[PDB]
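Undergrad: So here's final.txt (compact mmCIF, N, CA and C atoms).
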```txt
# COMPACT_ATOMS: atom_id res chain seq x y z
N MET A 1 -209.41 -33.25 55.33
CA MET A 1 -208.13 -32.56 55.44
C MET A 1 -207.01 -33.42 54.86
N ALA A 2 -207.11 -34.73 55.06
CA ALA A 2 -206.11 -35.66 54.56
C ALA A 2 -206.55 -36.30 53.25
N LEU A 3 -207.73 -36.90 53.26
CA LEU A 3 -208.28 -37.55 52.07
C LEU A 3 -209.23 -36.62 51.33
N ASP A 4 -210.39 -36.36 51.93
CA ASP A 4 -211.39 -35.49 51.34
C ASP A 4 -211.90 -36.07 50.02
N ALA A 5 -211.80 -37.39 49.88
CA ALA A 5 -212.26 -38.06 48.68
C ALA A 5 -212.43 -39.56 48.92
N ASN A 6 -212.82 -40.28 47.88
CA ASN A 6 -213.02 -41.72 47.98
C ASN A 6 -214.07 -42.05 49.04
N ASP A 7 -214.37 -43.34 49.18
CA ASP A 7 -215.35 -43.79 50.17
C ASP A 7 -214.68 -44.13 51.49
N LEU A 8 -213.45 -43.66 51.66
CA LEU A 8 -212.69 -43.91 52.88
C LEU A 8 -213.30 -43.16 54.06
N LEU A 9 -214.04 -42.10 53.77
CA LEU A 9 -214.68 -41.30 54.81
C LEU A 9 -216.19 -41.52 54.81
N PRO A 10 -216.83 -41.20 55.94
CA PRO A 10 -218.28 -41.35 56.10
C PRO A 10 -219.06 -40.35 55.26
N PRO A 11 -220.37 -40.62 55.08
CA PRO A 11 -221.25 -39.75 54.29
C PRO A 11 -221.52 -38.42 54.98
N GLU A 12 -221.06 -38.30 56.23
CA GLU A 12 -221.25 -37.08 56.99
C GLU A 12 -220.24 -36.01 56.59
N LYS A 13 -218.97 -36.42 56.50
CA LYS A 13 -217.90 -35.50 56.12
C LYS A 13 -217.66 -35.54 54.62
N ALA A 14 -218.20 -36.57 53.96
CA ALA A 14 -218.04 -36.72 52.52
C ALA A 14 -218.68 -35.55 51.77
N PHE A 15 -219.58 -34.85 52.45
CA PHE A 15 -220.27 -33.71 51.85
C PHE A 15 -220.05 -32.44 52.67
N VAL A 16 -219.69 -31.36 51.99
CA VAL A 16 -219.45 -30.08 52.66
C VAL A 16 -220.46 -29.03 52.21
N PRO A 17 -221.64 -29.03 52.84
CA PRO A 17 -222.71 -28.08 52.52
C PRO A 17 -222.37 -26.66 52.96
N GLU A 18 -222.73 -25.69 52.13
CA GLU A 18 -222.46 -24.29 52.43
C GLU A 18 -223.61 -23.40 51.95
N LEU A 19 -224.08 -22.53 52.84
CA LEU A 19 -225.18 -21.62 52.50
C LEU A 19 -224.65 -20.21 52.25
N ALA A 20 -225.33 -19.49 51.35
CA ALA A 20 -224.93 -18.13 51.02
C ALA A 20 -226.15 -17.28 50.65
N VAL A 21 -226.55 -16.41 51.57
CA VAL A 21 -227.70 -15.54 51.34
C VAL A 21 -227.31 -14.32 50.51
N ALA A 22 -228.17 -13.97 49.56
CA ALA A 22 -227.91 -12.82 48.69
C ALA A 22 -229.07 -11.83 48.75
N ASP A 23 -228.97 -10.76 47.96
CA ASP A 23 -230.00 -9.74 47.93
C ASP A 23 -231.05 -10.06 46.87
N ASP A 24 -230.68 -10.92 45.93
CA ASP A 24 -231.59 -11.32 44.85
C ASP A 24 -231.94 -12.80 44.95
N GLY A 25 -231.65 -13.39 46.11
CA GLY A 25 -231.94 -14.80 46.31
C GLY A 25 -230.93 -15.48 47.21
N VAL A 26 -231.02 -16.80 47.32
CA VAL A 26 -230.11 -17.57 48.16
C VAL A 26 -229.38 -18.63 47.34
N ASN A 27 -228.08 -18.78 47.60
CA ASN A 27 -227.27 -19.76 46.89
C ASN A 27 -226.69 -20.79 47.86
N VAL A 28 -226.82 -22.06 47.51
CA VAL A 28 -226.31 -23.14 48.34
C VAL A 28 -225.41 -24.08 47.54
N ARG A 29 -224.21 -24.32 48.05
CA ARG A 29 -223.26 -25.20 47.38
C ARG A 29 -222.73 -26.26 48.34
N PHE A 30 -222.72 -27.51 47.89
CA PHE A 30 -222.23 -28.61 48.71
C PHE A 30 -221.16 -29.41 47.98
N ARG A 31 -219.97 -29.47 48.57
CA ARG A 31 -218.85 -30.19 47.97
C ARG A 31 -218.92 -31.68 48.32
N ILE A 32 -219.08 -32.51 47.30
CA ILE A 32 -219.16 -33.96 47.50
C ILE A 32 -217.80 -34.62 47.27
N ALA A 33 -217.53 -35.67 48.03
CA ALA A 33 -216.27 -36.40 47.90
C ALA A 33 -216.14 -37.05 46.53
N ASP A 34 -214.91 -37.15 46.04
CA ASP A 34 -214.66 -37.76 44.74
C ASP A 34 -215.15 -39.20 44.70
N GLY A 35 -215.34 -39.78 45.88
CA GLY A 35 -215.81 -41.16 45.97
C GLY A 35 -217.31 -41.25 46.15
N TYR A 36 -218.00 -40.13 45.97
CA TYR A 36 -219.45 -40.09 46.12
C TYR A 36 -220.08 -39.25 45.02
N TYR A 37 -221.37 -39.48 44.78
CA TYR A 37 -222.10 -38.75 43.75
C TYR A 37 -223.59 -38.71 44.06
N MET A 38 -224.19 -37.53 43.91
CA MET A 38 -225.62 -37.36 44.17
C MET A 38 -226.37 -37.04 42.88
N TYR A 39 -227.56 -37.62 42.74
CA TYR A 39 -228.38 -37.40 41.56
C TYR A 39 -229.09 -36.05 41.63
N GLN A 40 -228.89 -35.23 40.61
CA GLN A 40 -229.51 -33.91 40.56
C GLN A 40 -231.01 -34.00 40.83
N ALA A 41 -231.63 -35.06 40.31
CA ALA A 41 -233.06 -35.26 40.50
C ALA A 41 -233.38 -35.65 41.94
N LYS A 42 -232.47 -36.38 42.57
CA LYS A 42 -232.65 -36.82 43.95
C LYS A 42 -232.39 -35.67 44.92
N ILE A 43 -231.44 -34.81 44.57
CA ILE A 43 -231.10 -33.67 45.41
C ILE A 43 -232.26 -32.68 45.49
N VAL A 44 -232.44 -32.09 46.67
CA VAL A 44 -233.51 -31.12 46.88
C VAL A 44 -233.01 -29.91 47.65
N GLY A 45 -233.60 -28.75 47.37
CA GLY A 45 -233.20 -27.53 48.05
C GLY A 45 -234.13 -26.37 47.76
N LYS A 46 -234.89 -25.96 48.77
CA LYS A 46 -235.83 -24.85 48.62
C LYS A 46 -235.80 -23.95 49.85
N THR A 47 -235.79 -22.64 49.62
CA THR A 47 -235.77 -21.67 50.71
C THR A 47 -236.81 -20.58 50.49
N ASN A 48 -237.67 -20.38 51.48
CA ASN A 48 -238.72 -19.37 51.39
C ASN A 48 -239.54 -19.32 52.68
N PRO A 49 -240.21 -18.19 52.91
CA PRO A 49 -241.05 -17.99 54.10
C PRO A 49 -242.31 -18.85 54.08
N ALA A 50 -242.91 -18.97 52.90
CA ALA A 50 -244.13 -19.76 52.74
C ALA A 50 -244.40 -20.06 51.27
N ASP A 51 -243.43 -20.70 50.61
CA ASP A 51 -243.56 -21.05 49.20
C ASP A 51 -243.61 -19.79 48.34
N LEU A 52 -242.83 -18.79 48.72
CA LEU A 52 -242.79 -17.53 47.98
C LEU A 52 -241.72 -17.58 46.89
N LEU A 53 -240.58 -18.18 47.21
CA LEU A 53 -239.49 -18.30 46.25
C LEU A 53 -239.97 -18.90 44.93
N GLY A 54 -239.36 -18.47 43.83
CA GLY A 54 -239.74 -18.97 42.53
C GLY A 54 -239.41 -20.44 42.36
N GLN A 55 -238.31 -20.72 41.67
CA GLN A 55 -237.89 -22.10 41.43
C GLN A 55 -236.38 -22.24 41.57
N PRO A 56 -235.92 -23.47 41.85
CA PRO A 56 -234.50 -23.76 42.01
C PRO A 56 -233.73 -23.68 40.70
N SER A 57 -232.45 -23.36 40.78
CA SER A 57 -231.61 -23.25 39.59
C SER A 57 -230.30 -24.01 39.78
N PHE A 58 -230.33 -25.31 39.51
CA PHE A 58 -229.15 -26.15 39.65
C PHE A 58 -227.97 -25.56 38.89
N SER A 59 -226.76 -25.83 39.37
CA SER A 59 -225.55 -25.32 38.74
C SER A 59 -225.10 -26.24 37.61
N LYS A 60 -225.90 -27.26 37.33
CA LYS A 60 -225.59 -28.22 36.28
C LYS A 60 -224.34 -29.02 36.62
N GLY A 61 -224.37 -30.31 36.29
CA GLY A 61 -223.23 -31.17 36.57
C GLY A 61 -222.83 -32.01 35.37
N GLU A 62 -222.99 -33.33 35.49
CA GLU A 62 -222.63 -34.24 34.42
C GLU A 62 -223.70 -35.32 34.25
N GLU A 63 -224.19 -35.48 33.02
CA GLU A 63 -225.21 -36.48 32.73
C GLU A 63 -224.59 -37.86 32.57
N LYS A 64 -225.19 -38.85 33.22
CA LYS A 64 -224.70 -40.22 33.15
C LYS A 64 -225.85 -41.22 33.21
N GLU A 65 -225.64 -42.40 32.65
CA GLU A 65 -226.66 -43.44 32.63
C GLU A 65 -226.24 -44.63 33.49
N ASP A 66 -227.13 -45.07 34.36
CA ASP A 66 -226.85 -46.21 35.24
C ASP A 66 -228.12 -47.02 35.50
N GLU A 67 -228.04 -47.93 36.47
CA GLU A 67 -229.19 -48.77 36.81
C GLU A 67 -229.77 -48.36 38.17
N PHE A 68 -229.11 -47.42 38.83
CA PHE A 68 -229.56 -46.94 40.13
C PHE A 68 -230.53 -45.78 39.98
N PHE A 69 -230.79 -45.39 38.74
CA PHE A 69 -231.70 -44.29 38.45
C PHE A 69 -231.92 -44.13 36.95
N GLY A 70 -230.88 -44.41 36.18
CA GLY A 70 -230.97 -44.29 34.73
C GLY A 70 -230.13 -43.16 34.18
N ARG A 71 -230.59 -42.55 33.10
CA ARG A 71 -229.87 -41.45 32.47
C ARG A 71 -230.35 -40.11 33.02
N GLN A 72 -229.56 -39.52 33.91
CA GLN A 72 -229.90 -38.23 34.51
C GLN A 72 -228.65 -37.47 34.91
N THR A 73 -228.83 -36.20 35.27
CA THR A 73 -227.71 -35.36 35.67
C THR A 73 -227.34 -35.60 37.13
N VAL A 74 -226.04 -35.69 37.40
CA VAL A 74 -225.55 -35.92 38.75
C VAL A 74 -224.29 -35.11 39.03
N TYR A 75 -223.84 -35.14 40.28
CA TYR A 75 -222.65 -34.40 40.68
C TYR A 75 -221.58 -35.34 41.22
N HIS A 76 -220.33 -35.10 40.82
CA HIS A 76 -219.21 -35.92 41.26
C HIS A 76 -218.38 -35.19 42.30
N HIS A 77 -218.70 -33.92 42.53
CA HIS A 77 -217.98 -33.12 43.51
C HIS A 77 -218.66 -31.76 43.71
N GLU A 78 -218.93 -31.08 42.60
CA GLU A 78 -219.58 -29.77 42.65
C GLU A 78 -221.09 -29.91 42.57
N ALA A 79 -221.79 -29.26 43.50
CA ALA A 79 -223.25 -29.31 43.53
C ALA A 79 -223.82 -28.07 44.20
N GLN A 80 -224.16 -27.07 43.39
CA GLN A 80 -224.72 -25.83 43.91
C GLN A 80 -226.05 -25.50 43.24
N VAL A 81 -226.94 -24.86 43.98
CA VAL A 81 -228.25 -24.49 43.45
C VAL A 81 -228.61 -23.06 43.82
N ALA A 82 -229.19 -22.34 42.87
CA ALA A 82 -229.59 -20.95 43.09
C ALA A 82 -231.09 -20.85 43.36
N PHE A 83 -231.44 -20.07 44.38
CA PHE A 83 -232.84 -19.89 44.75
C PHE A 83 -233.25 -18.42 44.62
N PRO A 84 -233.61 -18.01 43.40
CA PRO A 84 -234.03 -16.64 43.11
C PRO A 84 -235.38 -16.30 43.74
N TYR A 85 -235.44 -15.17 44.43
CA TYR A 85 -236.67 -14.73 45.08
C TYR A 85 -237.76 -14.46 44.05
N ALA A 86 -239.01 -14.58 44.48
CA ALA A 86 -240.15 -14.34 43.59
C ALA A 86 -241.12 -13.34 44.20
N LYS A 87 -240.78 -12.84 45.39
CA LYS A 87 -241.63 -11.87 46.08
C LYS A 87 -240.80 -11.01 47.03
N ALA A 88 -241.10 -9.72 47.07
CA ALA A 88 -240.39 -8.79 47.94
C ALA A 88 -240.85 -8.93 49.38
N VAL A 89 -239.93 -9.33 50.26
CA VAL A 89 -240.24 -9.51 51.67
C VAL A 89 -239.00 -9.32 52.53
N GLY A 90 -239.18 -8.69 53.69
CA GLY A 90 -238.07 -8.46 54.59
C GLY A 90 -238.12 -9.35 55.82
N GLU A 91 -238.91 -10.41 55.74
CA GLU A 91 -239.06 -11.34 56.86
C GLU A 91 -238.20 -12.58 56.65
N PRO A 92 -237.94 -13.31 57.74
CA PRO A 92 -237.12 -14.53 57.70
C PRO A 92 -237.83 -15.68 56.98
N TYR A 93 -237.05 -16.58 56.40
CA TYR A 93 -237.61 -17.72 55.68
C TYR A 93 -236.91 -19.01 56.09
N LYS A 94 -237.49 -20.14 55.69
CA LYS A 94 -236.93 -21.45 56.02
C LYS A 94 -236.36 -22.12 54.77
N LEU A 95 -235.31 -22.91 54.96
CA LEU A 95 -234.67 -23.61 53.85
C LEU A 95 -234.59 -25.11 54.13
N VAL A 96 -234.97 -25.90 53.13
CA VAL A 96 -234.95 -27.36 53.26
C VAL A 96 -234.13 -28.00 52.15
N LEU A 97 -233.04 -28.66 52.52
CA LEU A 97 -232.18 -29.32 51.55
C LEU A 97 -232.10 -30.81 51.82
N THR A 98 -232.17 -31.61 50.75
CA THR A 98 -232.10 -33.06 50.87
C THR A 98 -231.08 -33.64 49.90
N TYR A 99 -230.12 -34.39 50.44
CA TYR A 99 -229.08 -35.00 49.63
C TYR A 99 -229.26 -36.52 49.57
N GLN A 100 -229.10 -37.08 48.38
CA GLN A 100 -229.24 -38.52 48.20
C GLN A 100 -228.43 -39.00 46.99
N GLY A 101 -227.55 -39.96 47.22
CA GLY A 101 -226.73 -40.49 46.14
C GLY A 101 -226.07 -41.80 46.50
N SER A 102 -224.95 -42.11 45.85
CA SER A 102 -224.23 -43.35 46.10
C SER A 102 -222.72 -43.14 45.93
N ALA A 103 -221.94 -44.09 46.42
CA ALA A 103 -220.49 -44.02 46.32
C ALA A 103 -220.00 -44.57 44.98
N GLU A 104 -219.04 -43.87 44.38
CA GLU A 104 -218.49 -44.29 43.09
C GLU A 104 -217.93 -45.70 43.18
N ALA A 105 -217.62 -46.14 44.40
CA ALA A 105 -217.08 -47.48 44.61
C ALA A 105 -218.16 -48.54 44.45
N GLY A 106 -219.40 -48.17 44.74
CA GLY A 106 -220.50 -49.11 44.63
C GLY A 106 -221.27 -49.26 45.93
N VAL A 107 -221.57 -48.14 46.57
CA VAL A 107 -222.31 -48.15 47.83
C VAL A 107 -223.55 -47.27 47.75
N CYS A 108 -224.63 -47.71 48.38
CA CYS A 108 -225.88 -46.96 48.38
C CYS A 108 -226.30 -46.61 49.80
N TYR A 109 -226.28 -45.32 50.12
CA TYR A 109 -226.66 -44.85 51.45
C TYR A 109 -228.00 -44.13 51.41
N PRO A 110 -228.65 -44.03 52.58
CA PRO A 110 -229.95 -43.36 52.70
C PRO A 110 -229.85 -41.85 52.52
N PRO A 111 -230.98 -41.21 52.21
CA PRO A 111 -231.05 -39.76 52.00
C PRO A 111 -230.85 -38.98 53.29
N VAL A 112 -230.32 -37.76 53.17
CA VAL A 112 -230.08 -36.91 54.33
C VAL A 112 -230.74 -35.55 54.16
N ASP A 113 -231.72 -35.26 55.00
CA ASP A 113 -232.43 -33.99 54.94
C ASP A 113 -231.91 -33.03 56.01
N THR A 114 -231.80 -31.75 55.64
CA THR A 114 -231.31 -30.73 56.57
C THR A 114 -232.02 -29.40 56.34
N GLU A 115 -232.49 -28.80 57.43
CA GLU A 115 -233.19 -27.52 57.34
C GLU A 115 -232.31 -26.39 57.86
N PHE A 116 -232.35 -25.26 57.17
CA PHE A 116 -231.55 -24.10 57.56
C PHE A 116 -232.44 -22.87 57.74
N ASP A 117 -232.35 -22.25 58.91
CA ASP A 117 -233.15 -21.06 59.20
C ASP A 117 -232.42 -19.79 58.75
N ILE A 118 -233.03 -19.07 57.82
CA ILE A 118 -232.45 -17.84 57.30
C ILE A 118 -233.11 -16.61 57.91
N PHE A 119 -232.30 -15.72 58.46
CA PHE A 119 -232.81 -14.50 59.08
C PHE A 119 -231.76 -13.39 59.05
N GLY A 120 -230.90 -13.43 58.04
CA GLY A 120 -229.86 -12.42 57.92
C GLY A 120 -228.55 -12.87 58.54
N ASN A 121 -227.57 -13.18 57.70
CA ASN A 121 -226.26 -13.63 58.17
C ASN A 121 -225.33 -13.92 57.00
N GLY A 122 -225.89 -14.47 55.93
CA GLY A 122 -225.10 -14.79 54.76
C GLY A 122 -224.70 -16.25 54.71
N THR A 123 -223.74 -16.63 55.56
CA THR A 123 -223.27 -18.00 55.62
C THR A 123 -224.00 -18.80 56.69
N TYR A 124 -224.41 -20.02 56.35
CA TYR A 124 -225.12 -20.88 57.29
C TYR A 124 -224.63 -22.32 57.18
N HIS A 125 -224.65 -23.03 58.31
CA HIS A 125 -224.21 -24.42 58.34
C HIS A 125 -225.04 -25.22 59.35
N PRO A 126 -225.14 -26.54 59.11
CA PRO A 126 -225.89 -27.44 59.98
C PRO A 126 -225.22 -27.64 61.33
N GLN A 127 -226.01 -27.55 62.40
CA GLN A 127 -225.49 -27.71 63.75
C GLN A 127 -225.59 -29.17 64.20
N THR A 128 -225.12 -30.08 63.35
CA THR A 128 -225.16 -31.50 63.65
C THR A 128 -223.82 -31.99 64.18
```
Could I get this file's structure written as structure tokens?

TA:
Amino acid sequence: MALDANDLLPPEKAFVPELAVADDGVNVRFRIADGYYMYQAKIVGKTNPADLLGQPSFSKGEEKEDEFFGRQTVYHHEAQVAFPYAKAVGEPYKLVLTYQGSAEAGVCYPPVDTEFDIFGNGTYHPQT
């Protein structure tokens, strides 16, 4: 609310995950602090009842080269992924998202995994 950027805040509030269920799939977007960045390759996000969903569709970010991973795509703030359905089903499914990155200042924190239960609602958030 005051900063919403830099490494002045913890890795908990530094990221604002948001779920959005659709009729043709599920979309998840997480706002990362300007002082943090997650590697597209390190980031994970899959939603389905039993591996039914097709494949993830990253929203694309910015490619950069470093020594903490090398030359790969990462996010400096915007990080959303599309999960297009691959099978017709009216039953509930499970979603697993994993975030992992470092602070633009020069900090390396551990990965954070979060599961979201989808059963009709649209918007979903972690009860942590």

Undergrad: Just give me the residues with any atom within 5 Å of (-224.9, -38.5, 33.3), file coordinates, counting only N, CA and C atoms, written as a short mmCIF file (atom, residue, chain, number, x, y, z; two decimals) with N, CA and C atoms, in the frame of the given file.

TA:
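Written out: part_14.cif:
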```cif
data_model
loop_
_atom_site.label_atom_id
_atom_site.label_comp_id
_atom_site.auth_asym_id
_atom_site.auth_seq_id
_atom_site.Cartn_x
_atom_site.Cartn_y
_atom_site.Cartn_z
N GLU A 62 -222.99 -33.33 35.49
CA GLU A 62 -222.63 -34.24 34.42
C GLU A 62 -223.70 -35.32 34.25
N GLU A 63 -224.19 -35.48 33.02
CA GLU A 63 -225.21 -36.48 32.73
C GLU A 63 -224.59 -37.86 32.57
N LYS A 64 -225.19 -38.85 33.22
CA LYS A 64 -224.70 -40.22 33.15
C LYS A 64 -225.85 -41.22 33.21
N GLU A 65 -225.64 -42.40 32.65
CA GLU A 65 -226.66 -43.44 32.63
C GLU A 65 -226.24 -44.63 33.49
N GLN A 72 -229.56 -39.52 33.91
CA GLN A 72 -229.90 -38.23 34.51
C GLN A 72 -228.65 -37.47 34.91
N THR A 73 -228.83 -36.20 35.27
CA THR A 73 -227.71 -35.36 35.67
C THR A 73 -227.34 -35.60 37.13
#
```

Undergrad: State, in Å with one decimal place, the distance from atom C of residue 32 of chain A to atom CA of residue 77 of chain A.

TA: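 Between these atoms lies a distance of 4.1 Å.
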
Undergrad: For residue 122 of chain A, which residue among A:3, A:76, A:8, A:27 is the nearest when counting only C-alpha atoms?

TA: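 Nearest candidate to residue 122 of chain A out of A:3, A:76, A:8, A:27: A:27.
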
Undergrad: So which residues touch residue 78 of chain A within 8 Å, counting only N, CA and C atoms, skipping near sequence neighbours fewer than 4 positions away, as a ChimeraX atom specification?

TA: /A:29-33,59-61,74

Undergrad: Given the selection you just returned, output its residues as a file containing N, CA and C atoms, formatted as an mmCIF file, in the frame of the given file.

TA:
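Final file, again_4.cif:
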```
data_model
loop_
_atom_site.group_PDB
_atom_site.id
_atom_site.type_symbol
_atom_site.label_atom_id
_atom_site.label_comp_id
_atom_site.auth_asym_id
_atom_site.auth_seq_id
_atom_site.Cartn_x
_atom_site.Cartn_y
_atom_site.Cartn_z
ATOM 1 N N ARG A 29 -224.210 -24.320 48.050
ATOM 2 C CA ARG A 29 -223.260 -25.200 47.380
ATOM 3 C C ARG A 29 -222.730 -26.260 48.340
ATOM 4 N N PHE A 30 -222.720 -27.510 47.890
ATOM 5 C CA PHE A 30 -222.230 -28.610 48.710
ATOM 6 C C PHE A 30 -221.160 -29.410 47.980
ATOM 7 N N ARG A 31 -219.970 -29.470 48.570
ATOM 8 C CA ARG A 31 -218.850 -30.190 47.970
ATOM 9 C C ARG A 31 -218.920 -31.680 48.320
ATOM 10 N N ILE A 32 -219.080 -32.510 47.300
ATOM 11 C CA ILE A 32 -219.160 -33.960 47.500
ATOM 12 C C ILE A 32 -217.800 -34.620 47.270
ATOM 13 N N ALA A 33 -217.530 -35.670 48.030
ATOM 14 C CA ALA A 33 -216.270 -36.400 47.900
ATOM 15 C C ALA A 33 -216.140 -37.050 46.530
ATOM 16 N N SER A 59 -226.760 -25.830 39.370
ATOM 17 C CA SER A 59 -225.550 -25.320 38.740
ATOM 18 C C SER A 59 -225.100 -26.240 37.610
ATOM 19 N N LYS A 60 -225.900 -27.260 37.330
ATOM 20 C CA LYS A 60 -225.590 -28.220 36.280
ATOM 21 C C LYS A 60 -224.340 -29.020 36.620
ATOM 22 N N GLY A 61 -224.370 -30.310 36.290
ATOM 23 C CA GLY A 61 -223.230 -31.170 36.570
ATOM 24 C C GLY A 61 -222.830 -32.010 35.370
ATOM 25 N N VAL A 74 -226.040 -35.690 37.400
ATOM 26 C CA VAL A 74 -225.550 -35.920 38.750
ATOM 27 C C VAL A 74 -224.290 -35.110 39.030
#
```

Undergrad: In Å, with one decimal, what is the gap from atom CA of residue 47 of chain A to atom CA of residue 101 of chain A?

TA: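 Result for atom CA of residue 47 of chain A versus atom CA of residue 101 of chain A: 21.4 Å, one decimal.
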
Undergrad: Looking at all atoms listed in the file, which of A:18, A:51, A:7, A:23 is the one that sits closest to residue 36 of chain A?

TA: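 Among the listed residues, the smallest separation from residue 36 of chain A belongs to A:7.
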
Undergrad: Using DSSP assignments from the backbone, pull out every residue in chain A that falls under strand (DSSP E) and give it to me as a ChimeraX atom specification.

TA: /A:15-21,25-32,36-39,44-48,57-58,62-65,71-75,80-84,93-99,101-103,107-108,112-118,123-124

Undergrad: Any chance you could work out the axis-aligned box around segment 63-71 of chain A, listed atoms only, 3 Å on each side, giving centre and edge lengths in Å to one decimal, as JSON?

TA:
```
{"center_x": -228.1, "center_y": -42.1, "center_z": 36.3, "size_x": 13.7, "size_y": 19.3, "size_z": 13.7}
```

Undergrad: Could you list, as a list in words, every residue within 5 Å of residue 26 of chain A, counting only N, CA and C atoms and ignoring same-chain residues fewer than 3 positions away?

TA: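 After dropping sequence-adjacent residues, the list is residues 20, 21, 22, 82, 83 and 84 of chain A.
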
Undergrad: Which residues are close to residue 42 of chain A, i.e. within 8 Å by only C-alpha atoms, leaving aside same-chain residues fewer than 3 positions away? Reply as a CSV table (one decimal) with N, CA and C atoms, keeping the file's coordinate frame.

TA:
```
chain,number,residue,atom,x,y,z
A,38,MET,N,-224.2,-37.5,43.9
A,38,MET,CA,-225.6,-37.4,44.2
A,38,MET,C,-226.4,-37.0,42.9
A,39,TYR,N,-227.6,-37.6,42.7
A,39,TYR,CA,-228.4,-37.4,41.6
A,39,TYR,C,-229.1,-36.0,41.6
A,98,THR,N,-232.2,-31.6,50.8
A,98,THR,CA,-232.1,-33.1,50.9
A,98,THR,C,-231.1,-33.6,49.9
A,99,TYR,N,-230.1,-34.4,50.4
A,99,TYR,CA,-229.1,-35.0,49.6
A,99,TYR,C,-229.3,-36.5,49.6
A,100,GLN,N,-229.1,-37.1,48.4
A,100,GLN,CA,-229.2,-38.5,48.2
A,100,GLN,C,-228.4,-39.0,47.0
A,101,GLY,N,-227.6,-40.0,47.2
A,101,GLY,CA,-226.7,-40.5,46.1
A,101,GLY,C,-226.1,-41.8,46.5
```

Undergrad: Can you tell me, as a compact mmCIF listing (two decimals) with N, CA and C atoms, in the frame of the given file, what residues are no more than 5 Å from residue 85 of chain A when counting all atoms listed in the file, ignoring any on the same chain fewer than 4 positions away?

TA:
```
# COMPACT_ATOMS: atom_id res chain seq x y z
N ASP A 24 -230.68 -10.92 45.93
CA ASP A 24 -231.59 -11.32 44.85
C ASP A 24 -231.94 -12.80 44.95
N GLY A 25 -231.65 -13.39 46.11
CA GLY A 25 -231.94 -14.80 46.31
C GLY A 25 -230.93 -15.48 47.21
N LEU A 53 -240.58 -18.18 47.21
CA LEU A 53 -239.49 -18.30 46.25
C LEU A 53 -239.97 -18.90 44.93
N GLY A 54 -239.36 -18.47 43.83
CA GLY A 54 -239.74 -18.97 42.53
C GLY A 54 -239.41 -20.44 42.36
```

Undergrad: Of the candidates A:107, A:79, A:88, A:14, which one gets nearest to residue 48 of chain A if we count only C-alpha atoms?

TA: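 With only C-alpha atoms as the atom set, the closest residue is A:88.
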